[PDB]
Amino acid sequence: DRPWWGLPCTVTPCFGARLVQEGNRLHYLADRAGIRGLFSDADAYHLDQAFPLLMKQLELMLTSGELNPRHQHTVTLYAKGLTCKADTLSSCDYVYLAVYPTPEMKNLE
Ligand SMILES: [Cl-]
Ligand SMILES: [Mg+2]
C-alpha cells in the first residue's frame with residue numbers, strides 16, 4: 001500500500017505531504033502525499049480549497065523565518081474546520097505537513 005509522507009500524526013482521517021523546500025519556495029508533489037482514512041465530503045472540499053492558501057502561508061513563514069529548515073519547530077495553521085501542522089523537522093530539504101479535521105471537544109459540546 002502507500003507509505004506516509006506527512007508530519008507524524010495519529011489523527012484520522014489525515015492528509016499528509018512532504019513539500020520540497022527550495023529557498024522560500026515550497027513545491028507540492030502528489031506522489032509525496034496521501035490520505036489516511038476517509039474525509040467527509042465537506043472536509044475534503046475545504047482541504048482542497050484551502051491548500052493553495054496553506055502553501056502560501058507556509059512560504060510566508062519561510063521568508064519571515066518562522067519556519068526554519070535547520071530547526072525542528074511545529075507551526076499551526078487553520079482552515080474551515082481543519083487544523084494544519086507543518087515542520088521542516090530540521091531537514092534542510094522539506095516541510096512536512098499534516099492536515100486533519102479539527103477535533104471536536106466532545107466533553108464540552
Ligand atoms: Cl505518523
Ligand atoms: Mg520547523
# chains A, B, ... in the order shown; residues from 1 in each chain; ligands from 1

$ select_by_dssp --residues "chain A" --states "strand (DSSP E or B)" --output "number ranges by chain"
A: 14-22, 25-27, 33-36, 75-79, 82-87, 94-101

$ write_last_selection --atoms "C-alpha atoms" --output "compact mmCIF listing (two decimals), in the first residue's frame"
# COMPACT_ATOMS: atom_id res chain seq x y z
CA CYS A 14 -5.48 12.95 7.82
CA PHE A 15 -3.77 14.36 4.75
CA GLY A 16 0.00 14.15 4.85
CA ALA A 17 2.56 15.56 2.45
CA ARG A 18 6.29 16.21 2.23
CA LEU A 19 6.90 19.51 0.45
CA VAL A 20 10.17 20.19 -1.35
CA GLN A 21 11.67 23.29 0.24
CA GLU A 22 13.88 25.39 -2.06
CA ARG A 25 9.66 28.39 -2.17
CA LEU A 26 7.64 25.25 -1.50
CA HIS A 27 6.81 22.60 -4.04
CA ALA A 33 1.32 13.00 -0.35
CA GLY A 34 -1.63 10.83 0.63
CA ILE A 35 -4.60 10.41 2.92
CA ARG A 36 -5.22 8.20 5.95
CA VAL A 75 3.72 25.66 13.26
CA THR A 76 -0.07 25.55 13.32
CA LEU A 77 -2.47 26.94 10.75
CA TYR A 78 -6.23 26.80 10.34
CA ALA A 79 -8.82 26.45 7.61
CA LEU A 82 -9.29 21.97 9.57
CA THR A 83 -6.04 22.02 11.51
CA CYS A 84 -2.75 22.12 9.63
CA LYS A 85 0.54 21.23 11.29
CA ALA A 86 3.84 21.79 9.48
CA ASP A 87 7.53 21.39 10.37
CA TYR A 94 11.45 19.74 3.19
CA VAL A 95 8.45 20.93 5.11
CA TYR A 96 6.35 18.04 6.37
CA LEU A 97 2.66 18.69 6.86
CA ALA A 98 -0.39 17.07 8.35
CA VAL A 99 -3.90 18.41 7.82
CA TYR A 100 -6.88 16.91 9.66
CA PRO A 101 -10.42 17.83 10.80

$ residues_near_ligand --ligand "ligand 1" --cutoff "6 Å" --atoms "only C-alpha atoms and all ligand atoms" --output "VMD selection string"
chain A and resid 8 to 10

$ residues_around --residues "residue 13 (chain A)" --least-positions-apart "6" --cutoff "6 Å" --atoms "only C-alpha atoms" --output "MDAnalysis selection string"
chainID A and resid 36:39

$ residues_near_ligand --ligand "ligand 2" --cutoff "6 Å" --atoms "only C-alpha atoms and all ligand atoms" --output "list in words"
residues 67, 68, 71, 72, 73, 74, 87, 88 and 89 of chain A

$ write_last_selection --atoms "N, CA and C atoms" --output "PDB file, in the first residue's frame"
ATOM      1  N   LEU A  67       9.434  29.450   9.919  1.00  0.00           N
ATOM      2  CA  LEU A  67       9.732  28.054   9.597  1.00  0.00           C
ATOM      3  C   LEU A  67      11.205  28.046   9.206  1.00  0.00           C
ATOM      4  N   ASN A  68      12.015  27.281   9.926  1.00  0.00           N
ATOM      5  CA  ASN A  68      13.444  27.232   9.638  1.00  0.00           C
ATOM      6  C   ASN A  68      13.885  25.821   9.275  1.00  0.00           C
ATOM      7  N   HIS A  71      15.840  23.837  11.881  1.00  0.00           N
ATOM      8  CA  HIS A  71      15.310  23.682  13.231  1.00  0.00           C
ATOM      9  C   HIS A  71      13.977  22.949  13.271  1.00  0.00           C
ATOM     10  N   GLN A  72      13.823  22.080  14.263  1.00  0.00           N
ATOM     11  CA  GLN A  72      12.583  21.339  14.434  1.00  0.00           C
ATOM     12  C   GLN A  72      11.640  22.238  15.214  1.00  0.00           C
ATOM     13  N   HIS A  73      10.567  22.662  14.558  1.00  0.00           N
ATOM     14  CA  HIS A  73       9.577  23.533  15.175  1.00  0.00           C
ATOM     15  C   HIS A  73       8.259  23.396  14.421  1.00  0.00           C
ATOM     16  N   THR A  74       7.210  23.011  15.138  1.00  0.00           N
ATOM     17  CA  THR A  74       5.908  22.824  14.514  1.00  0.00           C
ATOM     18  C   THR A  74       5.007  24.055  14.549  1.00  0.00           C
ATOM     19  N   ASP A  87       6.208  21.303   9.746  1.00  0.00           N
ATOM     20  CA  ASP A  87       7.534  21.392  10.372  1.00  0.00           C
ATOM     21  C   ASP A  87       8.587  20.976   9.347  1.00  0.00           C
ATOM     22  N   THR A  88       9.746  21.635   9.359  1.00  0.00           N
ATOM     23  CA  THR A  88      10.820  21.256   8.437  1.00  0.00           C
ATOM     24  C   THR A  88      11.480  20.033   9.045  1.00  0.00           C
ATOM     25  N   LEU A  89      11.258  19.853  10.343  1.00  0.00           N
ATOM     26  CA  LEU A  89      11.861  18.765  11.104  1.00  0.00           C
ATOM     27  C   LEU A  89      13.381  18.863  10.994  1.00  0.00           C
TER      28      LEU A  89
END

$ select_by_dssp --residues "region 28-58 of chain A" --states "helix (DSSP H, G or I)" --output "number ranges by chain"
A: 30-32, 41-58

$ write_last_selection --atoms "N, CA, C and O atoms" --output "compact mmCIF listing (two decimals), in the first residue's frame"
# COMPACT_ATOMS: atom_id res chain seq x y z
N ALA A 30 2.41 15.37 -5.58
CA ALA A 30 1.30 14.46 -5.31
C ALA A 30 1.78 13.07 -4.93
O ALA A 30 1.17 12.42 -4.07
N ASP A 31 2.86 12.61 -5.55
CA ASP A 31 3.42 11.30 -5.24
C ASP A 31 4.14 11.30 -3.89
O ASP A 31 4.73 10.29 -3.49
N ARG A 32 4.11 12.43 -3.21
CA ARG A 32 4.75 12.55 -1.90
C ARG A 32 3.70 13.06 -0.92
O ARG A 32 4.00 13.83 -0.01
N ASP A 41 -17.20 14.60 2.90
CA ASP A 41 -17.19 15.37 1.67
C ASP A 41 -16.93 16.85 1.96
O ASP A 41 -16.24 17.53 1.20
N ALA A 42 -17.48 17.34 3.06
CA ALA A 42 -17.31 18.73 3.45
C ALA A 42 -15.84 19.05 3.76
O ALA A 42 -15.34 20.11 3.39
N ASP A 43 -15.15 18.13 4.44
CA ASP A 43 -13.75 18.33 4.78
C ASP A 43 -12.82 18.21 3.56
O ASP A 43 -11.89 19.00 3.41
N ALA A 44 -13.09 17.24 2.70
CA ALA A 44 -12.27 17.05 1.51
C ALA A 44 -12.34 18.32 0.66
O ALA A 44 -11.33 18.75 0.10
N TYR A 45 -13.52 18.91 0.58
CA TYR A 45 -13.70 20.13 -0.20
C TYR A 45 -12.95 21.31 0.41
O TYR A 45 -12.27 22.05 -0.30
N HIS A 46 -13.06 21.49 1.72
CA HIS A 46 -12.37 22.58 2.39
C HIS A 46 -10.85 22.40 2.34
O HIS A 46 -10.10 23.36 2.23
N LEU A 47 -10.41 21.15 2.42
CA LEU A 47 -8.99 20.82 2.37
C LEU A 47 -8.47 21.27 1.00
O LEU A 47 -7.50 22.02 0.89
N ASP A 48 -9.14 20.80 -0.05
CA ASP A 48 -8.73 21.15 -1.40
C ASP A 48 -8.74 22.64 -1.70
O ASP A 48 -7.83 23.14 -2.36
N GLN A 49 -9.76 23.35 -1.24
CA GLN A 49 -9.87 24.79 -1.49
C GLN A 49 -8.85 25.62 -0.73
O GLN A 49 -8.36 26.63 -1.23
N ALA A 50 -8.52 25.19 0.49
CA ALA A 50 -7.57 25.91 1.32
C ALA A 50 -6.10 25.56 1.07
O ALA A 50 -5.21 26.28 1.52
N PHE A 51 -5.84 24.47 0.36
CA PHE A 51 -4.45 24.07 0.15
C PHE A 51 -3.54 25.15 -0.45
O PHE A 51 -2.42 25.33 0.02
N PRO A 52 -4.01 25.89 -1.47
CA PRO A 52 -3.14 26.93 -2.05
C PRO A 52 -2.83 28.02 -1.03
O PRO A 52 -1.72 28.54 -0.98
N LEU A 53 -3.82 28.36 -0.21
CA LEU A 53 -3.62 29.38 0.81
C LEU A 53 -2.61 28.85 1.83
O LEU A 53 -1.68 29.56 2.23
N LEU A 54 -2.79 27.60 2.23
CA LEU A 54 -1.89 26.96 3.19
C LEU A 54 -0.45 27.03 2.67
O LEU A 54 0.46 27.42 3.39
N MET A 55 -0.26 26.64 1.41
CA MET A 55 1.06 26.67 0.78
C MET A 55 1.68 28.06 0.91
O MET A 55 2.83 28.21 1.32
N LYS A 56 0.90 29.07 0.53
CA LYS A 56 1.35 30.45 0.57
C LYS A 56 1.74 30.86 2.00
O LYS A 56 2.79 31.46 2.22
N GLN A 57 0.90 30.51 2.96
CA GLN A 57 1.19 30.84 4.35
C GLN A 57 2.49 30.21 4.82
O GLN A 57 3.28 30.85 5.51
N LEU A 58 2.72 28.96 4.43
CA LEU A 58 3.95 28.28 4.83
C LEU A 58 5.17 28.95 4.20
O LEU A 58 6.22 29.04 4.84

$ residues_around --residues "residue 70 (chain A)" --least-positions-apart "6" --cutoff "7 Å" --atoms "only C-alpha atoms" --output "PDB file with N, CA and C atoms, in the first residue's frame"
ATOM      1  N   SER A  90      13.866  20.088  10.796  1.00  0.00           N
ATOM      2  CA  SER A  90      15.294  20.359  10.680  1.00  0.00           C
ATOM      3  C   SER A  90      15.903  19.569   9.516  1.00  0.00           C
ATOM      4  N   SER A  91      15.097  19.319   8.487  1.00  0.00           N
ATOM      5  CA  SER A  91      15.532  18.535   7.331  1.00  0.00           C
ATOM      6  C   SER A  91      16.364  19.230   6.256  1.00  0.00           C
ATOM      7  N   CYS A  92      16.386  20.560   6.243  1.00  0.00           N
ATOM      8  CA  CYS A  92      17.140  21.290   5.219  1.00  0.00           C
ATOM      9  C   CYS A  92      16.842  20.670   3.850  1.00  0.00           C
TER      10      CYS A  92
END

$ decode --residues "region 55-82 of chain A" --atoms "N, CA and C atoms" --output "short mmCIF file (atom, residue, chain, number, x, y, z; two decimals), in the first residue's frame"
data_model
loop_
_atom_site.label_atom_id
_atom_site.label_comp_id
_atom_site.auth_asym_id
_atom_site.auth_seq_id
_atom_site.Cartn_x
_atom_site.Cartn_y
_atom_site.Cartn_z
N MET A 55 -0.26 26.64 1.41
CA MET A 55 1.06 26.67 0.78
C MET A 55 1.68 28.06 0.91
N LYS A 56 0.90 29.07 0.53
CA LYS A 56 1.35 30.45 0.57
C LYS A 56 1.74 30.86 2.00
N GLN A 57 0.90 30.51 2.96
CA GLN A 57 1.19 30.84 4.35
C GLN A 57 2.49 30.21 4.82
N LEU A 58 2.72 28.96 4.43
CA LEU A 58 3.95 28.28 4.83
C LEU A 58 5.17 28.95 4.20
N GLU A 59 5.04 29.43 2.97
CA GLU A 59 6.17 30.10 2.31
C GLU A 59 6.44 31.46 2.95
N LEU A 60 5.37 32.11 3.39
CA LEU A 60 5.49 33.40 4.04
C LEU A 60 6.34 33.19 5.28
N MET A 61 6.04 32.12 6.02
CA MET A 61 6.76 31.79 7.24
C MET A 61 8.22 31.42 6.97
N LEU A 62 8.51 30.94 5.76
CA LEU A 62 9.89 30.60 5.41
C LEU A 62 10.62 31.91 5.15
N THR A 63 9.96 32.80 4.42
CA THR A 63 10.52 34.10 4.08
C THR A 63 10.73 34.91 5.36
N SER A 64 9.74 34.87 6.24
CA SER A 64 9.80 35.60 7.51
C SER A 64 10.76 34.94 8.48
N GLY A 65 10.95 33.63 8.35
CA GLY A 65 11.86 32.93 9.23
C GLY A 65 11.20 32.06 10.29
N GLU A 66 9.88 32.16 10.42
CA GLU A 66 9.15 31.36 11.40
C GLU A 66 9.42 29.88 11.18
N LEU A 67 9.43 29.45 9.92
CA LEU A 67 9.73 28.05 9.60
C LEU A 67 11.21 28.05 9.21
N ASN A 68 12.02 27.28 9.93
CA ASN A 68 13.44 27.23 9.64
C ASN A 68 13.89 25.82 9.27
N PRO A 69 14.45 25.65 8.07
CA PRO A 69 14.94 24.38 7.54
C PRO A 69 15.92 23.63 8.44
N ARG A 70 16.62 24.35 9.31
CA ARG A 70 17.59 23.71 10.19
C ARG A 70 17.10 23.52 11.62
N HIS A 71 15.84 23.84 11.88
CA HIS A 71 15.31 23.68 13.23
C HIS A 71 13.98 22.95 13.27
N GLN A 72 13.82 22.08 14.26
CA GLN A 72 12.58 21.34 14.43
C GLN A 72 11.64 22.24 15.21
N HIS A 73 10.57 22.66 14.56
CA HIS A 73 9.58 23.53 15.18
C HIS A 73 8.26 23.40 14.42
N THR A 74 7.21 23.01 15.14
CA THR A 74 5.91 22.82 14.51
C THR A 74 5.01 24.05 14.55
N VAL A 75 4.61 24.51 13.37
CA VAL A 75 3.72 25.66 13.26
C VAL A 75 2.30 25.14 13.08
N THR A 76 1.32 25.95 13.44
CA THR A 76 -0.07 25.55 13.32
C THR A 76 -0.85 26.57 12.53
N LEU A 77 -1.66 26.08 11.60
CA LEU A 77 -2.47 26.94 10.75
C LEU A 77 -3.89 26.40 10.74
N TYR A 78 -4.85 27.23 10.36
CA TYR A 78 -6.23 26.80 10.34
C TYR A 78 -6.94 27.08 9.03
N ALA A 79 -8.00 26.32 8.79
CA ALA A 79 -8.82 26.45 7.61
C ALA A 79 -10.18 25.90 8.02
N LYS A 80 -11.23 26.28 7.30
CA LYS A 80 -12.58 25.84 7.61
C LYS A 80 -12.65 24.43 8.18
N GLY A 81 -12.77 24.34 9.50
CA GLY A 81 -12.87 23.06 10.18
C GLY A 81 -11.64 22.18 10.07
N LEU A 82 -10.51 22.76 9.71
CA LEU A 82 -9.29 21.97 9.57
C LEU A 82 -8.10 22.55 10.32
#
